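Remarks on the overall topology
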Amino acid sequence: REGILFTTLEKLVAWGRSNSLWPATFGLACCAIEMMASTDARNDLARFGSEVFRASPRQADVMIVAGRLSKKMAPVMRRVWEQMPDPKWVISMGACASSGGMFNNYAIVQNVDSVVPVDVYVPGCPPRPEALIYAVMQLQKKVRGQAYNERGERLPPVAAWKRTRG
Amino acid sequence: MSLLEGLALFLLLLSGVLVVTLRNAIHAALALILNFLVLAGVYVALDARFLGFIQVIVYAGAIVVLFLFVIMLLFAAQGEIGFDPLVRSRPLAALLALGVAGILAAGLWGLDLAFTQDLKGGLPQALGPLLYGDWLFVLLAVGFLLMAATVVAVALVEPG
Amino acid sequence: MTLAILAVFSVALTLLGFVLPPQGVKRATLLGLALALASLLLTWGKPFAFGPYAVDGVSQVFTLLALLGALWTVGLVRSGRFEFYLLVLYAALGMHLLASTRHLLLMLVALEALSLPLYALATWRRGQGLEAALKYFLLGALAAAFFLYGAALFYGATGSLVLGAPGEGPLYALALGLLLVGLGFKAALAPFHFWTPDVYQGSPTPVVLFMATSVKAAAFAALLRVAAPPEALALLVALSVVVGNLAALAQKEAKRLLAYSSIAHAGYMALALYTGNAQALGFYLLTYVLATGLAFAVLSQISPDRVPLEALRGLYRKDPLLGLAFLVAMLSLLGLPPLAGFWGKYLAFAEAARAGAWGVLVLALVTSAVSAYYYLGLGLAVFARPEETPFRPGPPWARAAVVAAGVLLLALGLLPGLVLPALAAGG
Amino acid sequence: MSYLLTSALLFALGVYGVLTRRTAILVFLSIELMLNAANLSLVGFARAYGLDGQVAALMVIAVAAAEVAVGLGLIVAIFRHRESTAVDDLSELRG
Amino acid sequence: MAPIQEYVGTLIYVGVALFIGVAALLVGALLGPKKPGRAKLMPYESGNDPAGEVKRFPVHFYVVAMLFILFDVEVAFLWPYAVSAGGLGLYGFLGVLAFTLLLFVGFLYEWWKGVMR
Amino acid sequence: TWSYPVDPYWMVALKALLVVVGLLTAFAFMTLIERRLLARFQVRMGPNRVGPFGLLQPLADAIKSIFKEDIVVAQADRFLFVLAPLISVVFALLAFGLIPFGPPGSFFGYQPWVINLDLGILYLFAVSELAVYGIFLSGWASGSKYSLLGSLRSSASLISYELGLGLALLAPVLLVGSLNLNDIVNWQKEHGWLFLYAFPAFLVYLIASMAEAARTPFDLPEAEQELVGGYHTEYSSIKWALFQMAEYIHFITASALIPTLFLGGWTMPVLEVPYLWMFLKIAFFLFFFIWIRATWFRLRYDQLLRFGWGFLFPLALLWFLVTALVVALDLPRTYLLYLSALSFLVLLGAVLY
Amino acid sequence: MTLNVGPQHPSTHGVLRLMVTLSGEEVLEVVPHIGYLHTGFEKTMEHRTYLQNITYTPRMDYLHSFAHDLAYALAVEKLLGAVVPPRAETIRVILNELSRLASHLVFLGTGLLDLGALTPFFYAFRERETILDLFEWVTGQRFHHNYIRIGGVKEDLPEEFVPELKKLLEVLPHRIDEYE
Ligand SMILES: COc1oc([C@H]2C/C(=C/C(C)=C/c3ccc([N+](=O)[O-])cc3)CO2)c(C)c(=O)c1C
Ligand code: SF4
């Protein structure tokens, strides 16, 4: 039941969801190889709990927009997001995904917050694997309710909870 | 005895009703597997033990698995297509379904039998000297029959 | 120890077909069956039993007949599939095991061993052949279930599954009825006869030859072991003969009409079951097997898929010997003197009257007199004008075989005191 | 003895299936039920008459395996290219 | 041999395993956000038709299963000889060898024909 | 159960409950240890995170798995979708009692095992078929033929090697002549380590256990890297967790049966400790198996079927025929030691050509 | 079975859609659908100065990119008559063959993982990681490095580049022989 309504249990389930974040890769472009490199035997996101990698979308909570999001791929990825369980988070990786990037044209979605609800933004080209670790830790403390923005507000645990799906 | 005996018989009869009434082929075969489990339990209660284990292993494990393999290759679940319904046969069959029971019940009604033999459980330890021996001829006939069955099915499908 | 020969030949050829051409496998099957027939000849009067396998007059006679039909129908089959030969061998062994045993469960195993190849042998791939195969398979499995619950209730009546047990009252009667159901089904007895016309019509003609010889022989060989009461026997005979002949009147196709004729003849043969003579019945079935194999070899020379009644006509102008043999065969199947069909009919009727069943016998005789309608619409038709019909006038193999079969039919009609003295132990 | 009455009842149930069922597969399933009702009766009478009906039922299972194999091969051969296995679609052969 | 008590212990084993599994199902089902979506309930793969419209699957699985049923019958028949073996002597050994050779000939046929088909 | 006592039914229920929850903890921590051992294999290091040694990470995994919006996909069968994981879990949990962890009373008084049936291996075979049952049923229920074909692959291959399991388990029965595991283990106590007599069949048993999704056919398949597998790809919160749990329980039960049957179920020739040697052999086979998990490719289930059917099973039945000759004529048992030693020398020395 | 082996699923690396016209376990024919990454280099590059486009060039083939940088550079050098210093040419062939080794490593790691085993992905990747450091040494970037220029290269090699290169070149031959 949304992981809420108990002073202990919401902390417990936020702990669980935050540390057991199970990424759902959507490898698109050169950002995605910097996403793969964050798992090799020098700098691996294989410690916080992200060892296993559920390729199916029915089984994973974190979807990372990793690469330029060409428009012909916008709806498919959309449904990949809709093919996720509801307790799901989406990180926007790179400049091409966060904003239009340098490709400012007819072929690219100029901010992937358009098609999917973004949790964390991570600049870089591609954002260093260590920036990706920093973003997954950002999201870690965000879903515990331990995140505040520049304007002084604490941010909701799960983005994509505030959208009237349709 | 009767405490669990009634339960086993109710499960057997209800599973048969399912497998003959339900239109879902998958539900029918599943009810038949539940039936075989209940029946292997009844075998066990009947001091027939090894045969129950083979019943679960061979019948459930092997035969109806192939039933399921074919009907999942060939969907066939929505059977009511190309009906020629012949509605009158549905109750009428029940009549015959009763009849093929009644006469059997007549052969067994008023019949007292000696159900008293110390089988000591139907273990294969005692079934071996029967199988290889008094039944060895039937066993060899069955094995050859299985070889002929393989050859028949193989020559039968054999797309070329 | 002929069963050893059959098992050896079947199992060896099963692998050898991968190294041998279908023609070589065909010749090997011919050799094996002929050697099994010869072994039966040299063992005339040499009873041999190991377990439930028990060789008596019935075993020897009916297995000889089945091997005869198998050899004949192999003579015709030339298909480039060694399988279409192997099954024949298999069926032979199976039917052998059906007549040579008293164990009810071994009877069931033999029923399956002989019935499985017969479903597949009817697949010339014509859709009606498949329709027939499906009808056959489903009804045969139903009859196998009935026979099996009969064997179960038999074991309920006595501690053994071997026939010859004393037997109780109502439960023994019920068990015997549930055995007779499947056994007569295999023997084309009504009211279980529905499969026969459709299956005979859909299957290729040489397959129907093999059926109408060996199936009926082996089924009656298994039937004689049962101690069938005379009332159920009267029901089966009356229904079979009446419906068979009547519905055979209205038939337009040769094979379907002949299947109905085989129903009527199974009804006639079931009369020896009143006494269980097994000598007279051996002779009767010898004659019927010879004649029907002859007729269906000719029908195969006419058309495998289906043969209309007009096709039979004009055959004498086409082939003299074939027309003569078809006429003789029709008269013998009518049971007319001086043909062996008359001796078989007389022997069965004598056993039935000796049991004291009069109305049933008279009804069978009146209906057999009715049967002359189509028996004559077939036998005499040989001389009609040839209408449009595919005709392939065979090799010398089948011609000589047909000649020998017809000559033997008439010879055993004239002088039965030659072999019939030796259908018991065989002095 | 209640077990043998139940065997008869299952025989009747498989009969009701074979009559009522439209498709080959469900008919064959009903036949399997009939054969196993027979096997139950054989086990009972073996318990009564000394265990030979148990090996009998074993051979019955073997028989069911052989005829299941052959029936499924035949079913595939007829209704692989063909539509629904419904046998009422095959009425070429009439009396 | 073995007493019947072990068999009721087996039944209790099954009842306990089943009860705990249903308990895990209850835990999973009762605890959740519960926001269905149309696309979420769609089968898979990006718009429709993951497999979608396809012809019937290959028969090779039927072949494998039929092979398995016949040779599992073989194994069930071999077991009573496995337990009671020395009591059957060379005669029983030779009978079981013949049985095995027959079914192995069936295998040898199906193999020399092969099933890549 | 000639000589073995019977605990009261409540003790059977209690010990079954213990085995279930111990299998939970066991599969959780074995997933951890396999992760870390793979890490040691592939240089990288494991999760020195939430633990330290990882030993609170299974809690995070279980807590994530629940609350995960357990969804019933539309266009799916309402009943089988829900029913198949329960089947796969139930028929996986059981069949662990028979494995003896000690002589009677070595459970601090009552019974090392749960049940000691007269016919054990048949019970194992029967409940082992039911895992494939849940696999392919769940495949059908999902309403996605992409998983249907994966389920069909699973069932076909697992069924081929599952047939082979019988020809494997025949060999020791001819020697012992009993179908109760305790008698077999006591035989292995007397003469010693049954695989010494039947090493070839032992092989085809071991390899057969590899086909049951353990690894290296690896064409079960899983949804990854190929035609997606069955029994997953449509389950979200707990049912997928139940599939993973039951499959891993089957893994560890098989890796424990391999030493139990052929090798020395605990019953060590010396130092005779009840539980620890069984657990150490379980861990030994697990570590060799994880070596395999890391070190080898797939088989594509075509060569896997050809290898099982044409290669494993005729060889296993040949060994059965040899052992049946030896037992029926009963002349020595040492001849089997000699033949198995020669067979191993052949199956090994033929490698280094 | 016209099966939809969709974009990115299942594990079709390099998002690509496939309609496998296929009955059974064989393969009749695969109908491909591409364009799911169309970003517009051929068009965007028409609105960027020649100097800038060196920022657009490596990102097309993100694995072996210096070939893209070198192709663009050489074509423009010929078009306006630029002179390659010998040291610049030697450095350009160094970075070319090294990015080729890196692209090859990624290719074989992906091929092994795509169907089969997971382990040998890491070892090759290990070496790849080392290579990246070399690039980060001179260009300050892992890949997508904007280093090349029309005349030659941006600026000189650091003191620390060559010894690290010698280290990796001495360890590699045994590593490649091990993979083989
Ligand atoms: C494959 O190469 C490539 O991929 C991609 C995309 C797809 C992708 C898949 C997987 C399966 C990652 C993955 C790897 C390892 C694990 N693991 O758990 O070890 C998990 C997941 C990552 O980027 C792109 C774009 C590419 O262009 C090339 C050449
Ligand atoms: S931000 Fe840079 S690295 Fe990431 S997809 Fe865009 S071009 Fe590639």
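Residues numbered from 1 in each chain as written, not as in the entry; some residues may be left out. Chains lettered and ligands numbered in written order. Part of a larger assembly, values for the part shown. Heavy atoms only, no water.

With respect to the overall build of chain D
Cut-off, in case you're wondering: Helix numbering and strand numbering both begin at the N terminus, where a helix is a DSSP run of H or I of at least 4 residues and a strand a DSSP run of E of at least 2. The globule rule used here is 2.2 Å times the number of residues to the 0.38 power, and the radius of gyration it is set against is calculated over C-alpha atoms. Summary of the burial criterion: residues with accessible area below 20% of their type's maximum are buried, those above 50% are exposed, and those between are partly exposed, where the area comes from a 1.4 Å probe applied to protein chains only. We call two residues in contact when some of their heavy atoms are within 4.5 Å. In this description, accessible areas are obtained by the Shrake-Rupley approach with a 1.4 Å probe, and a residue is regarded as covered only by the protein chains that are shown. In this charge count, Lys and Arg are treated as positive and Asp and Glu as negative; neither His nor the chain ends contribute. Where a charge lies is defined by one atom per residue type: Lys uses NZ, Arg uses CZ, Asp uses CG and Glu uses CD.
When helices and strands are tallied, chain D shows 3 helices and 0 strands. Each helix and strand of chain D, placed in order from N terminus to C terminus, yields the pattern α-α-α. Scaling as 2.2 N^0.38, a compact globule of 95 residues should have a C-alpha radius of gyration of about 12 Å, whereas chain D reaches 16 Å, well beyond that. Oriented by its inertia axes, the alpha-carbon framework of chain D measures out at about 50 × 25 × 25 Å. Buried residues in chain D amount to 79% of all 95 residues. Sequence-distant contacts in chain D: of pairs separated by 6 or more residues, those separated by 24 or more amount to 48%. Accessible surface computed for chain D: about 2100 Å², of which carbon and sulfur atoms make up 51%. Distance from the positive charge centre (6 side chains) to the negative charge centre (7 side chains) of chain D: 5 Å.

Quick word on the sheet that holds strand 2 (residues 62–66) of chain A
Each strand in a sheet pairs with another by means of backbone hydrogen bonds, the pair being arranged parallel or else antiparallel. Residue and element names in this part refer to chain A. Short version of the rule: A pair of strands is treated as paired once DSSP finds two or more bridges between them. Only C-alpha atoms enter the line fits that serve as axes; for helices the fit covers just the stretch in contact. Angles between N-to-C directions range over 0 to 180 degrees.
In space, the 4 strands of this open sheet follow the order 1-2-3-4, with parallel pairing throughout. Across the chains shown, the open sheet's two edge strands, defined by having one partner strand only, are strand 1 (23–27) and strand 4 (120–122). The mean angle between the axes of side-by-side strands here comes to 20°, regardless of whether they run parallel or antiparallel. Direction of pairing for strand 2 relative to strand 3 (residues 89–93): parallel, over a ladder of 5 bridges. Among the inter-strand pairings, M63 is bridged to a residue of strand 3, identified as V90. Set on the sheet, helix 5 (residues 129–143) makes contact with strand 2, strand 3 and strand 4; between it and strand 3 the angle comes to about 150°.

Here we look at the site of ligand 2
Basically, it comes down to this: Distances are taken per atom, and a residue is near a molecule or strand as soon as one of its heavy atoms is within 4 Å of it.
Surrounding ligand 2, one finds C30(A), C31(A), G67(A), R68(A), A95(A), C96(A), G124(A), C125(A), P126(A), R59(G) and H144(G). If you list the elements that add at least two residues to the shell around ligand 2, you get helix 2 (30–36) and helix 4 (95–98) of chain A.

Things to note about the sheet that holds strand 2 (residues 17–21) of chain G
Residue and element names in this part refer to chain G. In spatial order, the strands read 1-2-3; together these 3 strands make up an open sheet with antiparallel pairing. A single partner strand is all that each edge strand has here, and the edge strands are strand 1 (3–5) and strand 3 (29–33). Taken pair by pair, the neighbouring strands of this sheet meet at an average axis angle of 25°, ignoring direction. Where strand 2 meets strand 3, 5 bridges bridge the pair, whose relative direction is antiparallel. Residue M19 lies in a different strand from strand 3, and its bridge partner there is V31.

Quick word on the UniProt feature "transmembrane region" in chain E
Stated formally: UniProt positions are given in the numbering used here, feature names are shortened, and annotations may be inferred rather than shown by experiment.
The feature "transmembrane region", as annotated in UniProt, sits at residues 11–31, 59–79 and 88–108 of chain E in this numbering. Helix and strand shares over residues 11–31 of chain E are 95% and 0% respectively, and the end C-alpha atoms of the span are 30 Å apart.

Observations concerning the interface of chain B and chain E
The condition that has to hold: Throughout, buried area stands for the accessible area (probe radius 1.4 Å) lost by two parts on being put together, summed over both. One speaks of a salt bridge when a side-chain nitrogen belonging to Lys or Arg is within 4 Å of a carboxyl oxygen belonging to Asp or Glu. Polar contact criterion, stated in full: a pair of N or O atoms within 3.5 Å, where within protein one must be able to donate a hydrogen and the other to accept it, and residues adjacent in sequence count only if both atoms are side-chain atoms. Here the nonpolar group is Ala, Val, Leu, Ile, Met, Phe, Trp, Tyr, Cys and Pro; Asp, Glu, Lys and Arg are the charged ones; every other residue, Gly included, is treated as polar.
If you look at the interface, chain B gives 39 residues, while chain E gives 37 residues. For the pair chain B and chain E, the summed buried surface comes to about 3500 Å²; carbon and sulfur atoms form 80% of the total. Of all residues in chain B, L66(B), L73(B) and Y132(B) bury the most surface against chain E, accounting for 20% of the area lost on that side. Remark: the boundary between chain B and chain E carries 0 salt bridges. Where chain B meets chain E, there are 4 residue pairs in polar contact. When contributions to the side of chain B that touches chain E are tallied by element, the ones reaching two or more residues are helix 3 (50–73), helix 5 (124–134) and helix 6 (136–157) of chain B. Counting residues per element, the side of chain B that touches chain E draws most heavily on helix 6 of chain B, which supplies 13 residues. Counted by class, the side of chain B that touches chain E contains 31 nonpolar, 5 polar and 3 charged residues.

Quick look at the packing of helix 1 (residues 2–16) of chain C against helix 2 (residues 22–42) of chain C
Residue and element names in this part refer to chain C. Convention followed: The cut-offs work like this: below 35 degrees is roughly parallel, past 145 is roughly antiparallel, 65 to 115 is roughly perpendicular, and the gaps in between are oblique.
It is the contact of helix 1 with helix 2, at a shortest axis distance of 9 Å, that shows an interaxial angle of 175°. Here helix 1 lies roughly antiparallel to helix 2, going by the angle between them. Residues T2, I5, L6, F9 and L13 of helix 1 pack against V25, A28, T29, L31, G32, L33, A36, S39 and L40 of helix 2.

Some thoughts on the pattern of salt bridges
All names here are of chain F. One pass over the structure, following the stated rule, counts 39 salt bridges over all chains. Note that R293 and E34 form a salt bridge whose closest N and O atoms lie 2.5 Å from each other. Linking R293 in helix 9 (residues 276–295) with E34 in helix 1 (residues 9–41), this pair joins segments that are 259 residues apart in sequence. Exposure remark for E34: the relative accessible area of 4% places this residue in the buried category.

Points about the pairing of strand 3 of chain A
Residues and elements named next belong to chain A. Worth spelling out the cut-off: We call a crossover right-handed when, viewed with the strands running away from us, the connection from the first strand over the helix to the second turns clockwise.
Counting buried residues in strand 3 gives 5 out of 5 residues, a clear majority hidden from the surface. By the alternation rule, side chains of strand 3 split into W89, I91 and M93 and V90 and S92, which are all buried. The β-α-β motif built from strand 2, the intervening helix 3 (residues 74–82) and the parallel element strand 3 has right-handed crossover chirality. Where strand 3 meets strand 4, 3 bridges bridge the pair, whose relative direction is parallel. The residue bridging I91 from the neighbouring strand is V120, located in strand 4.

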